[PDB]
$ cat my_file_8.pdb   # PDB, C-alpha atoms
ATOM      1  CA  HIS A   1      37.409 -58.888 -29.702  1.00  0.00           C
ATOM      2  CA  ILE A   2      36.830 -55.542 -28.019  1.00  0.00           C
ATOM      3  CA  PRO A   3      38.703 -55.882 -24.713  1.00  0.00           C
ATOM      4  CA  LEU A   4      36.005 -54.311 -22.494  1.00  0.00           C
ATOM      5  CA  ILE A   5      34.159 -56.683 -20.151  1.00  0.00           C
ATOM      6  CA  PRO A   6      30.857 -55.402 -18.724  1.00  0.00           C
ATOM      7  CA  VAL A   7      29.384 -56.592 -15.425  1.00  0.00           C
ATOM      8  CA  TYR A   8      25.721 -56.086 -14.522  1.00  0.00           C
ATOM      9  CA  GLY A   9      23.718 -56.587 -11.364  1.00  0.00           C
ATOM     10  CA  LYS A  10      20.398 -57.245 -13.085  1.00  0.00           C
ATOM     11  CA  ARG A  11      19.962 -56.516 -16.788  1.00  0.00           C
ATOM     12  CA  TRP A  12      16.906 -56.548 -19.054  1.00  0.00           C
ATOM     13  CA  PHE A  13      16.030 -55.304 -22.543  1.00  0.00           C
ATOM     14  CA  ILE A  14      12.615 -53.626 -22.491  1.00  0.00           C
ATOM     15  CA  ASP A  15      11.957 -51.065 -25.253  1.00  0.00           C
ATOM     16  CA  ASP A  16      14.969 -50.842 -27.580  1.00  0.00           C
ATOM     17  CA  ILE A  17      16.857 -49.748 -24.448  1.00  0.00           C
ATOM     18  CA  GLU A  18      18.953 -51.793 -22.032  1.00  0.00           C
ATOM     19  CA  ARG A  19      17.936 -51.351 -18.391  1.00  0.00           C
ATOM     20  CA  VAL A  20      19.962 -52.218 -15.290  1.00  0.00           C
ATOM     21  CA  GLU A  21      19.292 -52.266 -11.562  1.00  0.00           C
ATOM     22  CA  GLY A  22      21.401 -52.591  -8.436  1.00  0.00           C
ATOM     23  CA  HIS A  23      20.271 -53.397  -4.901  1.00  0.00           C
ATOM     24  CA  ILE A  24      19.221 -50.001  -3.494  1.00  0.00           C
ATOM     25  CA  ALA A  25      17.179 -48.317  -6.231  1.00  0.00           C
ATOM     26  CA  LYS A  26      13.998 -49.921  -4.913  1.00  0.00           C
ATOM     27  CA  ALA A  27      14.512 -48.600  -1.368  1.00  0.00           C
ATOM     28  CA  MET A  28      14.987 -44.885  -2.070  1.00  0.00           C
ATOM     29  CA  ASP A  29      11.438 -43.749  -1.308  1.00  0.00           C
ATOM     30  CA  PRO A  30      10.911 -45.461   2.087  1.00  0.00           C
ATOM     31  CA  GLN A  31      14.377 -44.387   3.249  1.00  0.00           C
ATOM     32  CA  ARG A  32      14.012 -40.722   2.348  1.00  0.00           C
ATOM     33  CA  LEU A  33      10.519 -40.710   3.822  1.00  0.00           C
ATOM     34  CA  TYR A  34      11.735 -42.217   7.114  1.00  0.00           C
ATOM     35  CA  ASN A  35      14.386 -39.497   7.293  1.00  0.00           C
ATOM     36  CA  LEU A  36      11.713 -36.823   6.909  1.00  0.00           C
ATOM     37  CA  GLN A  37       9.582 -38.402   9.623  1.00  0.00           C
ATOM     38  CA  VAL A  38      12.435 -38.391  12.136  1.00  0.00           C
ATOM     39  CA  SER A  39      13.505 -34.844  11.281  1.00  0.00           C
ATOM     40  CA  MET A  40       9.951 -33.551  11.645  1.00  0.00           C
ATOM     41  CA  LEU A  41       9.449 -35.295  14.989  1.00  0.00           C
ATOM     42  CA  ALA A  42      12.682 -33.986  16.514  1.00  0.00           C
ATOM     43  CA  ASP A  43      11.983 -30.249  16.389  1.00  0.00           C
ATOM     44  CA  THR A  44       8.308 -30.627  17.280  1.00  0.00           C
ATOM     45  CA  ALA A  45       9.480 -32.411  20.417  1.00  0.00           C
ATOM     46  CA  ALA A  46      12.079 -29.711  21.067  1.00  0.00           C
ATOM     47  CA  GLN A  47       9.578 -26.848  20.736  1.00  0.00           C
ATOM     48  CA  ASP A  48       7.497 -27.340  23.930  1.00  0.00           C
ATOM     49  CA  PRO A  49       9.338 -29.356  26.587  1.00  0.00           C
ATOM     50  CA  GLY A  50       7.220 -28.803  29.694  1.00  0.00           C
TER      51      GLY A  50
ATOM     52  CA  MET B   1     -21.936   0.409 -14.630  1.00  0.00           C
ATOM     53  CA  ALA B   2     -25.707   0.720 -14.965  1.00  0.00           C
ATOM     54  CA  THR B   3     -26.346   4.252 -13.736  1.00  0.00           C
ATOM     55  CA  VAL B   4     -23.116   5.050 -11.848  1.00  0.00           C
ATOM     56  CA  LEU B   5     -23.270   5.572  -8.081  1.00  0.00           C
ATOM     57  CA  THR B   6     -22.260   9.016  -6.908  1.00  0.00           C
ATOM     58  CA  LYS B   7     -21.040   9.710  -3.400  1.00  0.00           C
ATOM     59  CA  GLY B   8     -24.140  11.788  -2.671  1.00  0.00           C
ATOM     60  CA  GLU B   9     -26.573   9.049  -3.609  1.00  0.00           C
ATOM     61  CA  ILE B  10     -25.151   6.736  -0.955  1.00  0.00           C
ATOM     62  CA  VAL B  11     -25.563   9.292   1.835  1.00  0.00           C
ATOM     63  CA  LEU B  12     -29.070  10.167   0.635  1.00  0.00           C
ATOM     64  CA  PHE B  13     -29.952   6.470   0.800  1.00  0.00           C
ATOM     65  CA  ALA B  14     -28.743   6.272   4.402  1.00  0.00           C
ATOM     66  CA  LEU B  15     -30.621   9.423   5.386  1.00  0.00           C
ATOM     67  CA  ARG B  16     -33.824   8.132   3.794  1.00  0.00           C
ATOM     68  CA  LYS B  17     -33.712   4.635   5.268  1.00  0.00           C
ATOM     69  CA  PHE B  18     -34.217   5.945   8.816  1.00  0.00           C
ATOM     70  CA  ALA B  19     -36.732   8.722   8.045  1.00  0.00           C
ATOM     71  CA  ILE B  20     -34.457  11.715   8.528  1.00  0.00           C
ATOM     72  CA  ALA B  21     -34.693  13.471   5.137  1.00  0.00           C
ATOM     73  CA  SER B  22     -37.059  12.042   2.531  1.00  0.00           C
ATOM     74  CA  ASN B  23     -40.174  12.963   0.580  1.00  0.00           C
ATOM     75  CA  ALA B  24     -42.191   9.994   1.870  1.00  0.00           C
ATOM     76  CA  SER B  25     -42.119  10.579   5.591  1.00  0.00           C
ATOM     77  CA  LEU B  26     -42.617  14.268   6.221  1.00  0.00           C
ATOM     78  CA  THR B  27     -40.337  16.660   4.279  1.00  0.00           C
ATOM     79  CA  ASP B  28     -36.942  18.341   4.316  1.00  0.00           C
ATOM     80  CA  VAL B  29     -33.127  18.037   4.034  1.00  0.00           C
ATOM     81  CA  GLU B  30     -30.027  20.027   5.359  1.00  0.00           C
ATOM     82  CA  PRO B  31     -26.732  21.008   3.668  1.00  0.00           C
ATOM     83  CA  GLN B  32     -24.309  20.418   6.563  1.00  0.00           C
ATOM     84  CA  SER B  33     -25.585  16.894   7.156  1.00  0.00           C
ATOM     85  CA  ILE B  34     -24.450  16.158   3.586  1.00  0.00           C
ATOM     86  CA  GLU B  35     -20.842  17.292   3.991  1.00  0.00           C
ATOM     87  CA  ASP B  36     -20.636  15.457   7.308  1.00  0.00           C
ATOM     88  CA  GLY B  37     -22.054  12.314   5.728  1.00  0.00           C
ATOM     89  CA  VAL B  38     -19.702  12.409   2.755  1.00  0.00           C
ATOM     90  CA  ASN B  39     -16.654  12.889   4.977  1.00  0.00           C
ATOM     91  CA  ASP B  40     -17.819  10.003   7.165  1.00  0.00           C
ATOM     92  CA  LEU B  41     -18.157   7.842   4.057  1.00  0.00           C
ATOM     93  CA  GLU B  42     -14.636   8.760   2.960  1.00  0.00           C
ATOM     94  CA  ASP B  43     -13.160   7.860   6.350  1.00  0.00           C
ATOM     95  CA  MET B  44     -15.094   4.581   6.438  1.00  0.00           C
ATOM     96  CA  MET B  45     -13.805   3.641   2.994  1.00  0.00           C
ATOM     97  CA  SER B  46     -10.271   4.479   4.091  1.00  0.00           C
ATOM     98  CA  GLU B  47     -10.672   2.165   7.077  1.00  0.00           C
ATOM     99  CA  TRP B  48     -12.157  -0.653   4.997  1.00  0.00           C
ATOM    100  CA  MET B  49      -8.827  -1.139   3.224  1.00  0.00           C
ATOM    101  CA  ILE B  50      -7.820  -3.259   6.231  1.00  0.00           C
ATOM    102  CA  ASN B  51     -10.506  -5.612   7.432  1.00  0.00           C
ATOM    103  CA  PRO B  52     -12.915  -6.175   4.495  1.00  0.00           C
ATOM    104  CA  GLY B  53     -10.217  -5.281   1.970  1.00  0.00           C
ATOM    105  CA  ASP B  54     -10.358  -3.162  -1.145  1.00  0.00           C
ATOM    106  CA  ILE B  55     -13.640  -3.142  -3.061  1.00  0.00           C
ATOM    107  CA  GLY B  56     -12.790  -0.567  -5.713  1.00  0.00           C
ATOM    108  CA  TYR B  57     -13.636   2.748  -4.053  1.00  0.00           C
ATOM    109  CA  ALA B  58     -12.364   5.855  -5.848  1.00  0.00           C
ATOM    110  CA  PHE B  59     -10.605   8.224  -3.465  1.00  0.00           C
ATOM    111  CA  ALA B  60      -9.997  11.922  -3.966  1.00  0.00           C
ATOM    112  CA  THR B  61      -6.730  12.539  -5.802  1.00  0.00           C
ATOM    113  CA  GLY B  62      -4.686  15.188  -4.116  1.00  0.00           C
ATOM    114  CA  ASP B  63      -6.265  17.111  -1.287  1.00  0.00           C
ATOM    115  CA  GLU B  64      -9.353  19.085  -2.504  1.00  0.00           C
ATOM    116  CA  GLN B  65     -12.587  17.741  -0.967  1.00  0.00           C
ATOM    117  CA  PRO B  66     -14.761  14.707  -1.797  1.00  0.00           C
ATOM    118  CA  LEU B  67     -17.936  16.560  -2.961  1.00  0.00           C
ATOM    119  CA  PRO B  68     -21.238  14.656  -3.268  1.00  0.00           C
ATOM    120  CA  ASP B  69     -21.309  14.804  -7.080  1.00  0.00           C
ATOM    121  CA  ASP B  70     -18.150  12.739  -7.519  1.00  0.00           C
ATOM    122  CA  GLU B  71     -18.349   9.221  -8.905  1.00  0.00           C
ATOM    123  CA  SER B  72     -17.830   6.560  -6.249  1.00  0.00           C
ATOM    124  CA  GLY B  73     -16.635   3.769  -8.531  1.00  0.00           C
ATOM    125  CA  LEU B  74     -18.467   1.074  -6.568  1.00  0.00           C
ATOM    126  CA  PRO B  75     -20.537  -1.564  -8.365  1.00  0.00           C
ATOM    127  CA  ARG B  76     -24.252  -1.315  -7.751  1.00  0.00           C
ATOM    128  CA  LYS B  77     -24.173  -4.698  -5.979  1.00  0.00           C
ATOM    129  CA  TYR B  78     -22.611  -3.086  -2.882  1.00  0.00           C
ATOM    130  CA  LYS B  79     -24.768  -0.040  -2.240  1.00  0.00           C
ATOM    131  CA  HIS B  80     -27.075  -1.604   0.352  1.00  0.00           C
ATOM    132  CA  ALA B  81     -24.141  -2.945   2.367  1.00  0.00           C
ATOM    133  CA  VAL B  82     -22.251   0.347   2.236  1.00  0.00           C
ATOM    134  CA  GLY B  83     -25.355   2.394   2.996  1.00  0.00           C
ATOM    135  CA  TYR B  84     -26.389   0.299   5.978  1.00  0.00           C
ATOM    136  CA  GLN B  85     -22.895   0.395   7.468  1.00  0.00           C
ATOM    137  CA  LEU B  86     -22.770   4.166   7.001  1.00  0.00           C
ATOM    138  CA  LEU B  87     -26.199   4.589   8.605  1.00  0.00           C
ATOM    139  CA  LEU B  88     -25.063   2.560  11.606  1.00  0.00           C
ATOM    140  CA  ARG B  89     -21.992   4.747  12.003  1.00  0.00           C
ATOM    141  CA  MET B  90     -23.799   8.088  11.609  1.00  0.00           C
ATOM    142  CA  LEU B  91     -26.993   7.398  13.583  1.00  0.00           C
ATOM    143  CA  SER B  92     -25.577   8.804  16.829  1.00  0.00           C
ATOM    144  CA  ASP B  93     -25.188  12.298  15.354  1.00  0.00           C
ATOM    145  CA  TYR B  94     -28.943  12.755  15.764  1.00  0.00           C
ATOM    146  CA  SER B  95     -29.114  10.824  19.061  1.00  0.00           C
ATOM    147  CA  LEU B  96     -31.022   7.809  17.772  1.00  0.00           C
ATOM    148  CA  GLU B  97     -30.755   4.071  18.248  1.00  0.00           C
ATOM    149  CA  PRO B  98     -31.350   1.423  15.582  1.00  0.00           C
ATOM    150  CA  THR B  99     -34.254  -0.977  15.714  1.00  0.00           C
ATOM    151  CA  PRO B 100     -33.660  -4.742  15.524  1.00  0.00           C
ATOM    152  CA  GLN B 101     -34.910  -5.016  11.938  1.00  0.00           C
ATOM    153  CA  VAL B 102     -32.384  -2.431  10.754  1.00  0.00           C
ATOM    154  CA  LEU B 103     -29.602  -4.380  12.453  1.00  0.00           C
ATOM    155  CA  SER B 104     -30.772  -7.593  10.798  1.00  0.00           C
ATOM    156  CA  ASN B 105     -30.818  -5.961   7.360  1.00  0.00           C
ATOM    157  CA  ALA B 106     -27.355  -4.519   7.919  1.00  0.00           C
ATOM    158  CA  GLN B 107     -25.973  -7.907   8.915  1.00  0.00           C
ATOM    159  CA  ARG B 108     -27.526  -9.653   5.902  1.00  0.00           C
ATOM    160  CA  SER B 109     -26.128  -7.095   3.459  1.00  0.00           C
ATOM    161  CA  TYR B 110     -22.696  -7.249   5.079  1.00  0.00           C
ATOM    162  CA  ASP B 111     -22.705 -11.039   4.816  1.00  0.00           C
ATOM    163  CA  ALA B 112     -23.554 -10.801   1.125  1.00  0.00           C
ATOM    164  CA  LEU B 113     -20.598  -8.448   0.667  1.00  0.00           C
ATOM    165  CA  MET B 114     -18.293 -10.772   2.622  1.00  0.00           C
ATOM    166  CA  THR B 115     -19.281 -13.783   0.511  1.00  0.00           C
ATOM    167  CA  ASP B 116     -18.120 -12.041  -2.672  1.00  0.00           C
ATOM    168  CA  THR B 117     -14.519 -11.454  -1.572  1.00  0.00           C
ATOM    169  CA  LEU B 118     -13.360 -14.810  -0.144  1.00  0.00           C
ATOM    170  CA  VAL B 119      -9.914 -16.291  -0.828  1.00  0.00           C
ATOM    171  CA  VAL B 120      -9.310 -19.509   1.172  1.00  0.00           C
ATOM    172  CA  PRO B 121      -5.539 -19.393   0.623  1.00  0.00           C
ATOM    173  CA  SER B 122      -5.000 -23.154  -0.020  1.00  0.00           C
ATOM    174  CA  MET B 123      -1.671 -23.930   1.698  1.00  0.00           C
ATOM    175  CA  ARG B 124       1.147 -25.546  -0.340  1.00  0.00           C
ATOM    176  CA  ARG B 125       3.837 -28.213   0.058  1.00  0.00           C
ATOM    177  CA  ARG B 126       6.855 -27.461   2.181  1.00  0.00           C
ATOM    178  CA  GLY B 127      10.203 -27.740   0.434  1.00  0.00           C
ATOM    179  CA  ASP B 128      11.916 -30.635   2.152  1.00  0.00           C
ATOM    180  CA  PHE B 129       9.066 -32.930   1.111  1.00  0.00           C
ATOM    181  CA  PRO B 130      10.180 -35.514  -1.475  1.00  0.00           C
ATOM    182  CA  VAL B 131       8.402 -36.045  -4.753  1.00  0.00           C
ATOM    183  CA  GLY B 132       8.134 -39.728  -5.469  1.00  0.00           C
ATOM    184  CA  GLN B 133       9.813 -41.808  -8.129  1.00  0.00           C
ATOM    185  CA  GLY B 134       6.384 -42.247  -9.696  1.00  0.00           C
ATOM    186  CA  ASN B 135       6.542 -38.972 -11.605  1.00  0.00           C
ATOM    187  CA  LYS B 136      10.084 -39.359 -12.921  1.00  0.00           C
ATOM    188  CA  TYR B 137      11.957 -36.405 -11.488  1.00  0.00           C
ATOM    189  CA  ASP B 138      15.024 -37.306 -13.541  1.00  0.00           C
ATOM    190  CA  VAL B 139      13.797 -37.005 -17.154  1.00  0.00           C
ATOM    191  CA  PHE B 140      10.308 -35.470 -17.424  1.00  0.00           C
ATOM    192  CA  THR B 141      10.594 -32.824 -14.729  1.00  0.00           C
ATOM    193  CA  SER B 142      13.566 -31.655 -12.700  1.00  0.00           C
ATOM    194  CA  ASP B 143      14.244 -30.957  -9.041  1.00  0.00           C
ATOM    195  CA  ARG B 144      13.129 -33.834  -6.923  1.00  0.00           C
ATOM    196  CA  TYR B 145      11.688 -32.313  -3.720  1.00  0.00           C
ATOM    197  CA  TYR B 146       9.007 -29.643  -4.028  1.00  0.00           C
ATOM    198  CA  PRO B 147      10.040 -25.999  -4.475  1.00  0.00           C
ATOM    199  CA  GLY B 148       7.445 -24.858  -1.958  1.00  0.00           C
ATOM    200  CA  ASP B 149       8.311 -21.178  -2.255  1.00  0.00           C
ATOM    201  CA  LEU B 150       8.229 -18.965  -5.365  1.00  0.00           C
TER     202      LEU B 150
END

$ encode --input "my_file_8.pdb" --output "structure tokens"
Amino acid sequence: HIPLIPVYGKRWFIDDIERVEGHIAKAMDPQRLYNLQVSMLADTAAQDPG
Amino acid sequence: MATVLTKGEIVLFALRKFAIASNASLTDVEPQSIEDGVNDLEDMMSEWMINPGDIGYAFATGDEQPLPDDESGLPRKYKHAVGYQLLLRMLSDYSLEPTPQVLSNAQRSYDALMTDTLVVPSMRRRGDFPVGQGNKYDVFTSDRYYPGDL
């Protein structure tokens, strides 16, 4: 046999192409939108203190 | 365009519209009031490059002098607006004050001119704003996050 042993998190075969997925691909958009929200709030707060 | 506006026609329109020099009120016309009017028109058009913006006026190339027989380059759709504004500016030479109807006509013509040069700049995305996974920034397009510049 070929001595390479693959390990997958979640694997499916959809359209002649094998597709995999880990545990963080689904959470990219909310995370990088939360970061933008915090960054935009910080400097707006820092612009006019009193 | 249709008949080509000259610089002298615009000042004659302004002189006629307030019964200063026309064939249908009494009589008469003067030669110095023409040079003064044409120079006033030139200075007005120079100023209009700021607030109303460019509208296609043809300036004198090199020094010389404007001369009433020169072609203005304006479309015929603007002559009432330009003439009314010029009349308002040059009324005080003869120590006269405009009537309310003249002011109303001037405002209407100016509004028509303003309507034809709008922009509404339509602000863009920023540059740290993400573009979602829904439009496949990896394969179809490139550069996740909007450019927001150019």

$ interface_residues --input "my_file_8.pdb" --of "chain A" --to "chain B" --cutoff "12 Å" --atoms "only C-alpha atoms" --output "PyMOL selection string"
chain A and resi 25-37+39-40

$ atom_distance --input "my_file_8.pdb" --atom1 "CA of residue 139 (chain B)" --atom2 "CA of residue 17 (chain A)"
15.0 Å

$ atom_distance --input "my_file_8.pdb" --atom1 "CA of residue 18 (chain B)" --atom2 "CA of residue 37 (chain B)"
14.1 Å

$ atom_distance --input "my_file_8.pdb" --atom1 "CA of residue 58 (chain B)" --atom2 "CA of residue 81 (chain B)"
16.8 Å

$ residues_around --input "my_file_8.pdb" --residues "region 2-8 of chain A" --least-positions-apart "2" --cutoff "7 Å" --atoms "all atoms listed in the file" --output "PDB file with C-alpha atoms, in the frame of the given file"
ATOM      1  CA  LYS A  10      20.398 -57.245 -13.085  1.00  0.00           C
ATOM      2  CA  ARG A  11      19.962 -56.516 -16.788  1.00  0.00           C
ATOM      3  CA  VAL A  20      19.962 -52.218 -15.290  1.00  0.00           C
TER       4      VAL A  20
END

$ residues_around --input "my_file_8.pdb" --residues "region 94-96 of chain B" --least-positions-apart "5" --cutoff "12 Å" --atoms "all atoms listed in the file" --output "list in words"
residues 15, 18, 19, 20, 33, 87, 88 and 89 of chain B

$ resolve_selection --input "my_file_8.pdb" --expression "the PyMOL selection byres ((chain B and resi 43) around 12)" --output "list in words"
residues 36, 37, 38, 39, 40, 41, 42, 44, 45, 46, 47, 48, 49, 57, 59, 60, 66, 86, 89 and 90 of chain B
